[PDB]
Amino acid sequence: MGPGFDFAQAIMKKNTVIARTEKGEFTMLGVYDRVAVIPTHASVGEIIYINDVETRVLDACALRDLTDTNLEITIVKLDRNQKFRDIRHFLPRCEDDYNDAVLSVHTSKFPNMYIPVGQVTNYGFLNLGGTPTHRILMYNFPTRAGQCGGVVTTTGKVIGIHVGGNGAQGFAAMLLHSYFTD
Ligand SMILES: CNc1ccccc1S(C)(=O)=O
């Protein structure tokens, strides 16, 4: 409807796949080459389904900060025959707050879904499903089940992936450029 939705759509149409694990269907953001991200609670194993195609997982790393605290991001390298468009230049370098974000989801259940979530706070610490978690972004939107892995963007930046909510607020794990240096 506006330039926020324009940038979100541009990311969704080229840099997302539908990922299916034994824990459900997730929006999955492809970042560069065959490297993608997904919430760690997706529990990626040796095989994952990508757009309903059986795909070998070449590597999967559940990220933690240097305090050894959960970040709720898993970086997956996929045995896919095609590279993602490289979007690492849209990732923030530092932890920050943002104005006017969009949460975008694409699954069987929620195709072509875009939500204007408004202001995004650097929330920091969250007890997420009982697990201490750092680098959390918060937005005042009542997100539900089905949105995990959704991409959080501003104009020009990809800032996070949706990992949970409390019925009133939604929570995203930060994406930082430093996670994807090769
Ligand atoms: C994904 N949530 C959803 C889905 C269908 C209808 C309404 C909603 S909402 C975000 O407005 O509570």
Side-chain angles (χ1 to χ4, degrees), residues 1-31 36-44 48-53 62-63 70-76 78 84 87 90-92 96-131 133-175:
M1 247 192 187
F5 293 105
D6 195 33
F7 181 79
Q9 183 175 255
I11 298 294
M12 296 307 284
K13 284 175 173 285
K14 291 288 169 173
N15 280 82
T16 65
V17 298
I18 303 178
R20 175 175 285 277
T21 68
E22 292 177 332
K23 316 260 144 100
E25 250 181 16
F26 296 88
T27 302
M28 165 177 269
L29 177 74
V31 179
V37 290
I38 190 170
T40 300
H41 71 253
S43 302
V44 176
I48 190 162
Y49 269 58
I50 302 294
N51 297 338
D52 284 310
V53 176
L63 300 182
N70 181 46
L71 293 170
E72 200 51 24
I73 302 289
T74 291
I75 305 180
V76 181
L78 299 170
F84 298 114
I87 57 166
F90 299 133
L91 301 170
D96 210 356
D97 312 292
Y98 298 92
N99 304 308
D100 194 19
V102 173
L103 167 62
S104 51
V105 165
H106 189 82
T107 64
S108 300
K109 178 181 201 164
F110 292 148
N112 304 300
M113 167 184 290
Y114 300 81
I115 306 170
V117 296
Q119 273 187 7
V120 180
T121 309
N122 176 6
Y123 190 88
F125 172 85
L126 179 68
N127 190 352
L128 175 66
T131 300
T133 305
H134 285 168
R135 285 193 180 145
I136 293 292
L137 298 165
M138 182 272 287
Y139 28 90
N140 285 299
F141 190 87
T143 53
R144 288 96 163 288
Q147 284 141 226
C148 289
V151 186
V152 187
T153 59
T154 66
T155 69
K157 292 179 261 52
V158 177
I159 68 171
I161 61 168
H162 187 78
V163 298
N166 60 24
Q169 294 168 315
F171 297 107
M174 288 175 186
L175 294 170

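Both counts, for ligands and for their atoms, begin at 1 and track the order of listing. For the single chain, residues carry numbers from 1 onward in sequence order.
Atom 6 (C) of ligand 1 is not flagged as protein-proximal [any protein heavy atom, distance under 4.0 Å].
Among all non-hydrogen protein atoms, the one lying nearest atom 11 (O) of ligand 1 is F141 CZ, 4.2 Å.
For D52, the CG atom is loosely surrounded, since the number of other residues' heavy atoms within 6.0 Å does not exceed 12.
Between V152 and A172, the shortest heavy-atom contact is CG2-CB, 3.8 Å. Smallest separation of non-hydrogen atoms from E25 and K109: OE1-N, 4.4 Å.
Interface of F110 with ligand 1, defined as ligand atoms under 4.0 Å from a residue heavy atom, comprises 1 (C), 4 (C).
Summarising the contacts of atom 8 (C) of ligand 1 with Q147, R144, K109, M113, the nearest heavy atom is found in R144.
Put simply, the side chain of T121 never gets that close to the backbone of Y123: no donor and acceptor are under 3.5 Å apart.
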